[PDB]
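Chemist: Fold the following, please.
(chains A, B, C, D, E and F)
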Amino acid sequence: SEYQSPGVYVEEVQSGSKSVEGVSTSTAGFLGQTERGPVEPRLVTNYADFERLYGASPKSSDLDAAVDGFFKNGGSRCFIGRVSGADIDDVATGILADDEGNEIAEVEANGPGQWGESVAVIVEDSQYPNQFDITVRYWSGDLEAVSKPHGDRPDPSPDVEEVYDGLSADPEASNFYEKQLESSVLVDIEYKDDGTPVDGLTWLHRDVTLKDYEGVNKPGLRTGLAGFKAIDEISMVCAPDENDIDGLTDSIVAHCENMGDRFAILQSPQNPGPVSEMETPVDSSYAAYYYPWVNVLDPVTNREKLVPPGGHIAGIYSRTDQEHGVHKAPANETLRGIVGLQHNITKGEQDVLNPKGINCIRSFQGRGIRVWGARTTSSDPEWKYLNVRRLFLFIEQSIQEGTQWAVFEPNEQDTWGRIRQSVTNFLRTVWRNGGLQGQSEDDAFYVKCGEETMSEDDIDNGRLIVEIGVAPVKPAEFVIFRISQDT
Amino acid sequence: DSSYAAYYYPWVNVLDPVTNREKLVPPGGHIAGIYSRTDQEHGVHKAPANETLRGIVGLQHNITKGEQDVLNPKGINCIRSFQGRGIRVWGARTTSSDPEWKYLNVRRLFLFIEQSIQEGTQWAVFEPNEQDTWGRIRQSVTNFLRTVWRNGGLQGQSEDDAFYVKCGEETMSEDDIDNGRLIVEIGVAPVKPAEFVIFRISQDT
Amino acid sequence: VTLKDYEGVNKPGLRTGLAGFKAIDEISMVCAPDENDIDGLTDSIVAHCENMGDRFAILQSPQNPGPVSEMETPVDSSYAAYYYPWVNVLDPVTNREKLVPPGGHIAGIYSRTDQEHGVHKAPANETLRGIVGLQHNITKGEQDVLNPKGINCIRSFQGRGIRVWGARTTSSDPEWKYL
Amino acid sequence: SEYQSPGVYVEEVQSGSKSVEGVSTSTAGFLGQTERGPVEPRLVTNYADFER
Amino acid sequence: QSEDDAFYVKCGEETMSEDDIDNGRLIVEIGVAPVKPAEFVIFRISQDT
Amino acid sequence: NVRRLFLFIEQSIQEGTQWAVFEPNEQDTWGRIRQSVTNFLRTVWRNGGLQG
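Modeler: Numbers count the residues shown, from 1 in each chain, chains lettered A, B, ... in the order given. The protein structure is shown below:
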């Protein structure tokens, strides 16, 4: 500071260490087809939210089953992205009119597709002066059989119902209908002119490939994977129908490798061929591969049905992360929400599959159905185990996001000590929770920043270099007992 | 291509107090205010970057990380907007091509030091050119530079690493004394900013 | 009214708006209930509090802030706090419910906590008096996304009532994370 | 790596040793005539599999 | 648990030099340790001992 | 058994060292390779396969 006139001065100084906070690690992302809903990614925390916002899947998709398996196994949060074969602007619309026939508002469905042709909007008048009520109804089945869509009890009870009571036409009020109808899973309203609508009912009229899974990337609209790559909470991605669309596995693995902060879960085909000839599709350290398919009860036929196991496995990942940590291998855990498997694998066949990076789901007598295998598809010996990759992702993202205060700071010993202290505190916390291995701190990790890592050419060019060394913990895959008679 | 100038980009948006609408203006005065604030709360040796802009609504364009890799090595300073952090100045270089005056705070520190020395030494003109005056001048300049060092402006774990001052028979010869010249030599080591923060992480030990 | 009326007059013998407030040394927190109807007022309030250096700013979200996965705080100051959502009250001219921002109730909670506990006590896990209900009910899954972003929530627990659940600032500096 | 714009960089380094794993050593191959079956080689882990 | 853990105050010849005295500066250095809230209350329960 | 042991060792080495192709030909790679092969052979020695 500068002191030019007499007085009292109070100044604040920076302290000797700054805390780092860990990031989320149990959020998932799903892609696939639905019947209703928007095409921008939305967060879901429960299965009833999913049924309310999106509905069911068509016969060519198995998204509903995968989300159900995710939440039955202890998952916490999903990001849903809806993929649609229709143009984004193929949306049903409508108009509201005033006393003498002026269009005052414009109603639009909340997503593209033919479903918007089955939405009815009903306007009625309220008992209080200058107020009216609005109702929105949606039927999932045939419209030809709906007898009284306007009455208090239609012939088939509607699938979705929404009512808004205290509405007004004053734009500066808090009960203006544009502000109240904004939280609605069915429609959108836009204001045009001054007036209040007349009573009655009205319907909305005039309504996949690899490039749809890739998504749209425009200045104000993102779908598909382009929409996911602008969300920083997702830590694992899955596409249940990845084997019906050629060229999607590589796109998913490339997305995860280019972001550098997420993991890919892959499932085998329904018919992968002979056992002696199976291989993994990719050779990435950012993916894992599971086998075989599973059996579930179908809620529209009440019969068994064969589905891929991806969502159940993502739910197992989330559960293990919540109750043990990211350093725990998500294997030797039970699958909930299924009836049986496609095949039963023996111990002789897994001796051929396990050294190849293929993870198996097996069933033991007296113990149930469990995941038996925790490897990645990688050939590098340094990234053979899955929990090591997940721990490194967690650590690296925490460091990246929690150190932006240090840019443009003086390149001298105070900043060096501060940075060293922060990183040491974070790594000691990780060590205390069982993630690092060693009976002392010197065995588990080290951090270096000073004149041993930086030279003078570095200081003259603006570079601050920190070197960190760590020792992760690995699972026990073979438990061996050697018993003898001696001593 | 001067060492006495800095160059900022792009324009900003403000509310106009006669129309109550947005309006696009150059960012010069906001940046000068940031300079003044940083000088008041940190010192002249602190780079006036990674600081927030107050009093605006938005920018003209949003610059990405790929475009700044082309602009930054050219001496052009950018104003960017980060999600979760706001609008900030990201760059602290001069328009100069000389490698000795690449950073802005070094030039500002030298301006400060040189003007202080120029204005606070006029008592020494026409004084006797002998050892007493030499010791007096040396002592004064050493006190000033040690004060600058203690406040974080100079770099080194000891005084010998940060600066030196010389005045005597090693700087002056006899032809100098006969012609009325008193020569003082000063050497200094300024501190520079941390522009790239690098973390190299491995699995060994 | 405009932004220049909220800024106030600054003449030798007349001060209104914020120019009038900056000559009073008792004020310790400032709030403007209608800050979302006048564009450019949030920044002016945060700048006033940062330039005086002795007061704190309380901010409320809009009535329609968008999807949950896209919310952010308006500023990145250590001199401000951000609360969400709106509340319901009885209107004394119609005797009906009405939706209002929660700023004044929260300032009253600040004052109460300061009187009965001290300035070192976090003004959270405290009850809101004088309301009827909230705008939305926030779950535990949605606050896991909002809390690490500096957004403070007002929630309702069964058996315990309506309470403020969160005590952070809008700041990104790790040294000024808590209020 | 190359550093052209200011920010934070995180980089991974290769470690000082890489593990080697032993290969299988107790699998056999048989050739001869049968009454049924395919003519591509198939893996068998039990005699009932062979008869089937 | 003690005063040395909570704060310190310094003013003397460790904070001021002679160039400071000659220019009219009096420097006081204060260090403090504030208390922070309990946001996560965690109970780890086991069967051992 | 000598022939069978050599078959085992040579195939393990062949299949578990493909990361080293096109790497820099300098002291770091040398130390890394030496360390890996020494660990494998010490494991073989501890199980009674080598003599000394």
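
Chemist: Wait, a strand at residue A:321?
Modeler: No: judged by DSSP: H, G, I helix; E, B strand; the rest coil, residue A:321 forms no part of a strand; its state is helix.

Chemist: Contact partners for it?
Modeler: A:25, A:26, A:328, A:330 (Cβ atoms under 8 Å, 6 or more residues apart in numbering or on different chains). All C-beta atoms are positioned from the backbone trio N, CA, C, and that covers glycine.

Chemist: would you turn those into TSV with distance to residue A:188 and neighbour count?
Modeler: Below are the contacts of residue A:321 laid out as TSV (distance: Cβ to Cβ, whole Å; neighbours: other Cβ atoms under 10 Å in any protein chain shown):
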residue	distance to residue A:188	neighbour count
A:25	35	19
A:26	32	21
A:328	45	19
A:330	41	21
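
Chemist: Chain E next: which of those residues are close?
Modeler: By Cβ under 8 Å from any Cβ of the partner chain, no member of those lies near chain E.

Chemist: of all the residues you listed, which comes closest to residue A:390?
Modeler: Relative to residue A:390, the closest of those is residue A:25; by Cβ to Cβ it sits at 7.5 Å.

Chemist: can you pull the contacts of the closest one?
Modeler: Counting by Cβ under 8 Å, 6+ apart, residue A:25 touches A:235, A:321, A:326, A:390, A:394.

Chemist: Could you tell me the angle between the direction of the one helix or strand the fourth one maps to and that of strand D:7-12?
Modeler: Spelled out, that is residue A:390. Remark: residue A:390 resides in helix A:386-401, with elements defined by DSSP states H and E. For helix A:386-401 against strand D:7-12, the angle by axes from the mean of the first three to the mean of the last three Cα atoms, to 10 degrees is 160 degrees.

Chemist: So which bits of helix A:386-401 are buried?
Modeler: A:386-400 (16 or more other Cβ atoms under 10 Å in any protein chain shown).

Chemist: Of the residues you listed, which is the nearest to chain E?
Modeler: Nearest to chain E among the buried residues of helix A:386-401, counting by Cβ to the nearest Cβ, is residue A:398 at 17.0 Å.

Chemist: And for the residue in the stretch 151-300 of chain A that chain F sits nearest to, the neighbour number?
Modeler: For the stretch 151-300 of chain A and chain F, the shortest gap (Cβ to the nearest Cβ) falls at residue A:283, measuring 11.2 Å. The tally of other residues near residue A:283 (other Cβ atoms under 10 Å in any protein chain shown) stands at 14.

Chemist: Relative to residue A:329, how far out is it?
Modeler: Applying Cβ to Cβ, to the nearest Å, the value for residue A:283 to residue A:329 is 21 Å.

Chemist: contacting residues around residue A:243?
Modeler: With Cβ under 8 Å, 6+ apart, residue A:243 has these contacts: A:267, A:269, A:270, A:308.

Chemist: Excluding residues flanking it in the chain, which one is nearest the residue of the stretch 351-487 of chain A found nearest chain B?
Modeler: Per Cβ to the nearest Cβ, residue A:462 is where the stretch 351-487 of chain A lies closest to chain B, at 3.4 Å. Leaving aside its chain neighbours, residue A:462 sits nearest to residue B:195 (3.4 Å; criterion: Cβ to Cβ, 6 or more residues apart in numbering or on different chains).

Chemist: residue boundaries of the strands in the stretch 51-200 of chain A?
Modeler: A:77-82, A:93-97, A:103-109, A:119-125, A:132-138, A:160-167, A:187-191, A:200-203 (DSSP state E, counting those that start in this stretch).

Chemist: Need the winner for burial among those strands.
Modeler: Of these, the one with the most neighbours on average (mean count of other Cβ atoms under 10 Å in any protein chain shown) is strand A:77-82, at a mean of 24.

Chemist: number of nearby residues for the residue of the stretch 301-450 of chain A found nearest chain C?
Modeler: For the stretch 301-450 of chain A, the residue positioned closest to chain C under Cβ to the nearest Cβ is residue A:405, at a distance of 6.2 Å. Neighbour count for residue A:405, taken as other Cβ under 10 Å: 18.

Chemist: Residue A:413 now?
Modeler: With other Cβ under 10 Å as criterion, residue A:413 counts 14.

Chemist: tell me the contacts of residue A:391?
Modeler: A:326, A:327, A:435, A:472.

Chemist: Same list (the residues you listed) but as a markdown table, adding neighbour count and secondary structure.
Modeler: Shown next, in a markdown table, are the contacts of residue A:391 (neighbours: other Cβ atoms under 10 Å in any protein chain shown; DSSP: H, G, I helix; E, B strand; the rest coil):
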| residue | neighbour count | secondary structure |
| --- | --- | --- |
| A:326 | 23 | coil |
| A:327 | 21 | coil |
| A:435 | 22 | coil |
| A:472 | 18 | strand |
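
Chemist: Which two of those residues have the greatest separation?
Modeler: Using Cβ to Cβ, the contacts of residue A:391 span at most 10.6 Å, a distance reached by A:326 and A:472.

Chemist: which residues do these two both contact?
Modeler: What both residue A:326 and residue A:472 touch, as defined by Cβ under 8 Å, 6+ apart, is the set A:387, A:391, A:435.

Chemist: wait, isn't the first one in contact with residue A:434?
Modeler: No: taking Cβ atoms under 8 Å as the contact criterion, residue A:387 and residue A:434 are not neighbours in contact, 11.4 Å apart.

Chemist: any common contacting residues for the two?
Modeler: By Cβ under 8 Å, 6+ apart, the residues touching both residue A:387 and residue A:434 are A:327, A:473.

Chemist: Now do the following helix or strand past the helix holding residue A:390: which elements does it pack against?
Modeler: Using DSSP H and E, the helix or strand that directly follows helix A:386-401 along the chain is helix A:413-432. Applying 3 or more Cβ pairs under 8 Å, 6 or more residues apart in numbering or on different chains; DSSP states H and E, one finds that helix A:413-432 makes contact with helix A:386-401, helix A:441-444, strand A:445-448, strand A:463-470.

Chemist: now stretch A:190-208, how far from the chain's geometric center?
Modeler: In this view, stretch A:190-208 has its centroid 35 Å away from the chain centroid, taken as Cα atoms, centre = their mean, to the nearest Å.

Chemist: If you could redo that for stretch A:250-270, that was the one I meant.
Modeler: The answer for stretch A:250-270 is 13 Å, by Cα atoms, centre = their mean.
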